[PDB]
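Each chain gets a letter, A, B and so on, in the order its sequence line appears, and its residues count up from 1. Side-chain atoms are counted along with the backbone in the values below, which use heavy atoms only and exclude waters and symmetry mates.
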Amino acid sequence: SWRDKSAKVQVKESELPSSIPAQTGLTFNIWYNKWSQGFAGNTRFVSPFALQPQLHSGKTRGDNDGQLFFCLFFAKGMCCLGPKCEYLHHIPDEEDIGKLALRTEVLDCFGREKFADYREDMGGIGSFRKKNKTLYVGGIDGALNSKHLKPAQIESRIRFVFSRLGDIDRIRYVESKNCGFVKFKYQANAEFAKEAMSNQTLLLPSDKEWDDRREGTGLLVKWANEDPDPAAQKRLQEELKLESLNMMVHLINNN
Amino acid sequence: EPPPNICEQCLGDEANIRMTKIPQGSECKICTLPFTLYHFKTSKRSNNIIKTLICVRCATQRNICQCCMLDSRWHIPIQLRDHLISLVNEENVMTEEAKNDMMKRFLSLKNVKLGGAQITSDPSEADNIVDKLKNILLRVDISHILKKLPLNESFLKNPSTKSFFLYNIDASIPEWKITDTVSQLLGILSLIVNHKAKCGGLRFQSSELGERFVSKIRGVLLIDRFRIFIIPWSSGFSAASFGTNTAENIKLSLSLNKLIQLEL
Amino acid sequence: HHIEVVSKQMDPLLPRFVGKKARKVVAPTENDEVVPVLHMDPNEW
Amino acid sequence: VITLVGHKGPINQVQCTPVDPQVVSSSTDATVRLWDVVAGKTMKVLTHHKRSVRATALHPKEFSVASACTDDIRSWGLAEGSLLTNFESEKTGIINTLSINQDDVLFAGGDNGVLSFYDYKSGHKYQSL
Amino acid sequence: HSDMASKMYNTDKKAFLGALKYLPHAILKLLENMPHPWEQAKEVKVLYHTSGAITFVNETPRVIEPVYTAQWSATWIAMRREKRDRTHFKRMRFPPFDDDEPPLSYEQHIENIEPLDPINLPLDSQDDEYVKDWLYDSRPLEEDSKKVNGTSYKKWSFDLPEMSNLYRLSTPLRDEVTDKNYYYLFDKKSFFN
Amino acid sequence: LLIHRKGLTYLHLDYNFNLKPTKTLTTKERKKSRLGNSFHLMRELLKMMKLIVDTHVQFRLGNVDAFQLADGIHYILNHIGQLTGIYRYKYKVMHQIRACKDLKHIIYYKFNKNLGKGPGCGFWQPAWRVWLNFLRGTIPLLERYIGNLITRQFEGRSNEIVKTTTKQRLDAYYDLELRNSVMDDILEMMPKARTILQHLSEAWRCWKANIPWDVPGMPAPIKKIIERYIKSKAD
RNA sequence: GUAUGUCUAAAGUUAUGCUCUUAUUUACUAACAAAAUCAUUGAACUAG
RNA sequence: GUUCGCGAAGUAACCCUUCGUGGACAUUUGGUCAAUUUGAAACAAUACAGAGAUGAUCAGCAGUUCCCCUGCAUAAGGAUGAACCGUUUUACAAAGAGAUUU
RNA sequence: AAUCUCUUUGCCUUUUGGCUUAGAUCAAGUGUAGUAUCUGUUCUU
Ligand SMILES: O=P(O)(O)O[C@H]1[C@H](OP(=O)(O)O)[C@@H](OP(=O)(O)O)[C@H](OP(=O)(O)O)[C@@H](OP(=O)(O)O)[C@H]1OP(=O)(O)O
Ligand SMILES: [K+]
Ligand SMILES: [K+]
Ligand SMILES: [K+]
Ligand SMILES: [Zn+2]
Ligand SMILES: [Zn+2]
Ligand SMILES: [Zn+2]
């Protein structure tokens, strides 16, 4: 178990990437920290870093300090503090889900404040008005470096990379759209998995292009819209009725 | 400016709390207008700071805590509260929220209650609603892959099998419940389920785990009285076992359904 | 619950009111009560 | 320090008083408003005038105010915003100015150039010049 | 705070903008405390923002007027003598550094170099006996509890031979008109008239 | 940082505090990068200060001796109108520049009595005082000017700017008030006002042309209202 | 010639009589154009 | 750590030295803030076009607006800064006549 | 007693929305091009 060891330094401080992004213009703006006087087609890049749950997880100062929030950089596989980190370095689980319950209404598992509305691209931290537990997995083409692959193999790879980030409710790969939907048991695990898988690559060491992994642009993991499928919609309504029944007991008990 | 609406659960059980007040310190998450920010800690040594994320006006309109946006009387989310009031009043009450910045600003200036805040702000009606809710509470390639699926063979003691085939999976069932019930039986496990196929496959770490699994009761596995049926799957499986496209998965599900109806 | 309210020692170099900005705002009209218009009382115009 | 919002058009005259209503205002919107300046809200809206209330005049010896629109001079008690008297202002036309002396004489200056003198308590027009 | 590329500097950047309104004051404090020609170097107390946005020189250049008058007089004489005796007085170029040259790092390029001699007119062992040991100090007699009230440097009290020596050293800059009638019809009131 | 927050990356601030465009600017870039007197005055003050500090740095490096330092400082304080553009943004500073020129004259002729022309006078104390006193009064002015500029950066520009009645607006504002008065009198006399006021515009053109204004069928009291307001405008 | 405005179009996938051929007339528009009398000379120049 | 008091060992006994022990002195920092893609800066670039009252070329000043930009600004500038140019049906009644219907 | 269409009366129902020095001045032009346009002739009709 991760609780049996101390966290491991994922990337040494000297190995961290410089805060100055790749040049996309004639002049670097020292206020916004972005290149200016130019234009580019697509600024995304494949994450040089990746979380390895079995290897990196362990105790940090956060566990002793009674920290509630998880480490964002740990999820991204790039935390340089290792055991000295103020935030938790492990996959969210039921015990931590329980301790986060009062803050999770307005904060994600990383402690970032949620918004009223989703970004128009559905990316970001997410809305506090919806207990959204489902992620959209786009950019599969670039994540595979445009490697031709069968739908079932794509689904198997997505299941592998995501199932290790918490309890999964269900997974669907829509070949008609070349996109995947991953639904988690707890929202905090969807938040954590979203940050961990963002900009990652779906390639494996058993692939030809493994050495070219960072050439293109990585996986685009964002929040999922309302599922339009009537079959899903009805079970969503049944979940709502179950939650309301399970809440009426608490209301009659309190009053 | 009225005092902040912070709930007991956010304040905590500590005897005394020091709260920092910052006039115009923040922009309300709901209405985007500036408001007096209050921030505090449950205890001087705690590692987290709790901030009022919404202004007193928006909180009052919604009858919620400024620090956690849960109902100030029932301490539950707005969405669930409005649904619970809808179930008893049949009026289908809801808190509609503005999209445009100008409309958010405009809405926050109205001296009205939104959605269920009407019921929950007046304690008389809240009680007069808890009583009514009590009355509610008490009351095409299938022909090929069907030889890849192990459907001809049976649940048995002798053959050592590390992999199994699951079918008659109701779509309501999440994957984690299946893994959890197998974990309960084994006293603790790679699972594939395709819900459009209504079937899946289970792969164990080593043969003694599969043997311990088959030691406990073609077989059956229970999920809230859903009878998932189970067969030893000696031929190793992958995601391709249940079809390469959606239509193939659905066709497989219908085939398995009629096979189940024949078996029953 | 007894709360001790204290003012933050602000950094004199930073903006004193983080939330202060120029914002146009259309305010709603509060139609709480009707005000009667008590108006009690050939082609030259 | 305070901006009193309520009138739906240009304000013609304002009068300060020592107690609530501390501000009395007349407008082109044909209303006379008595204000609670501390609250910044109107204590009372007087709507009897049909046309722009061009002129007002506080009585120097009693807590009342006169107001006028074309052919219509009215007196109001400020303590409660009650209509006291309707003057015999018929056919006098547009009234540009009002004045009240301590002898209860009310003067109304017509835009047609006619000086009208009235007894403030009765509203009786006693002289036209 | 040379390169504030990291996001951690977002607040410091705002502090920098906030310091701009106080920059003229800091400039005044710096310039009023400028080292005089008889001082090689000068330590000044400074008040600095913790983000490094601004540094204010936090002290007042208090001086003893007859001493300061004598110091500048000795400097004046030394300068006239140097202009007389130096065949080629090479005036320095302005600006001293190229527009493209970044400001030198004090601790790397200046702090280690031994300072050059200041303008100190050679004082006589006997005629300047009473002033020689301290005339060119940064705050002369600051530590002498008899001549000065203390390091706050607010009041001075000198003896006759010292005042005489300061008066004598000040002849090029001191006032020589003892007769008040010199200003007949050439005084404040006659100019007002 | 101020330049870059405004997005003016095409303007480069030299280490001697000169501000120059790095490319030919479009008219929109030129309009947007049109920095005001508060910024330019602050920059010129920084330039003056750096000139002084750099001279002291040259002495500390050992590149100039103490006499060259004193003379250099005196030169700087006497040539602010040449070494900086400060006069461009706050032309009253010419008073200080003139004072320094005058001080140099009285100083040099005292100093050079038996020495003739040439560098070497380092008596910078009087001109230095002149610039310190300039800063004394410039401080509150720049605190207000720069404070307002930075306030606009964080808070944005005010939406409730009330334009005053200046000479360039006098006729327009006079017209607005005249029309409003005429309209009030007409509407109150009557038992589409914008159409009625067209008669006022015609009566004014008639008055200017000395053409008699007479509308057949015009109500007599309204004609008298228009005529009196036309006479008031005429007066 | 400007001010200034507009455009830029895959993917970074969100689940279900009245005309015609054609030779002219007239008007408007063109920073298009080095045009022969009145030892080589308008010549790169004009914008709200 | 220091210091005041007490037990003890060392010394012939003090001073002094060490081990033990009680009291006194000193008493809760900091965050509205985590370190590149996904919680938000813009210009620019390529193309086309080339400014209201005009037959033509233009100075303007305003007003209204939930558009603002530059500027220290209640000054001034930003094409008269821009947008403005479209779409338009009922407080609908009175008098009378000739045809339609039982 | 209830339709339909006339005629008159009423209603005006897409029914002129500022300012200054009429705000000011101008309306003589080659080649070629572009757009619209004109007479005629056959043709369409
Ligand atoms: O122009 P001049 O009549 O010859 O005077 C010059 C001039 O001073 P002013 O023009 O200000 O009176 C020089 O100043 P700049 O031209 O350089 O500005 C100054 O030299 P500095 O640069 O050292 O000020 C020089 O002084 P010097 O006597 O050393 O030659 C001085 O000459 P005079 O005043 O003696 O005639
Ligand atoms: K043009
Ligand atoms: K114009
Ligand atoms: K203008
Ligand atoms: Zn970490
Ligand atoms: Zn709000
Ligand atoms: Zn709360």
Using a cut-off of 4.0 Å on non-hydrogen atoms, how would the nucleic acid contact of [X] be classed: base, sugar-phosphate, or nothing?
| X | result |
| --- | --- |
| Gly142(A) | nothing |
| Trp204(F) | sugar-phosphate |
| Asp141(A) | nothing |
| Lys233(F) | sugar-phosphate |
| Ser19(A) | sugar-phosphate |

Both donor-acceptor distances under 3.5 Å, either Watson-Crick or G-U wobble. Does [N] meet that with [M]?
| N | M | answer |
| --- | --- | --- |
| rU4(G) | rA49(H) | yes |
| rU5(I) | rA97(H) | yes |
| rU6(G) | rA47(H) | yes |
| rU26(G) | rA44(H) | no |
| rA13(H) | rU15(I) | no |
| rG60(H) | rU41(I) | no |
| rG5(G) | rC48(H) | yes |
| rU25(I) | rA56(H) | yes |
| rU54(H) | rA34(H) | no |

In terms of the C1'-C2'-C3'-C4' torsion, is [N] a north or a south sugar?
| N | result |
| --- | --- |
| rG39(H) | south |
| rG20(H) | north |
| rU26(G) | north |
| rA79(H) | south |

Query raised in the report: Who is the Watson-Crick or G-U wobble partner of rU8(I), with both distances under 3.5 Å?
Result: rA94(H)
Query raised in the report: Which letters describe nucleotides 61-67 of chain H, given B = protein heavy atom under 4.0 Å from base, S = only from sugar-phosphate, - = neither?
Result: BSS--BS
Report summary line: Expected string for nucleotides 82-94 of chain H under the B/S/- scheme (protein heavy atoms, under 4.0 Å, primed atoms plus P, OP1, OP2 as sugar-phosphate) is -------------
**Report entry** Is_stacked (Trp31(A), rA41(H)) at 5.5 Å, 30 deg
**Finding:** no
**Report entry** Centroid under 5.5 Å and tilt under 30°, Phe73(A) to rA35(H)
**Finding:** yes
Report task. Consider the side chain of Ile125(A), meaning its heavy atoms from C-beta on, and name the nucleotide among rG39(H), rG18(I), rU38(H) that approaches it most closely. Result -> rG39(H)
Requested in this report: Ignoring the backbone of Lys8(C), work out which of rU36(H), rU32(H), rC43(H) is nearest its side chain.
Outcome: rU32(H)
Query - Under the ring-ring contact (aromatic ring centres under 6.0 Å, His included) test, residues paired with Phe110(A) that sit two or more places apart - result: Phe192(A)
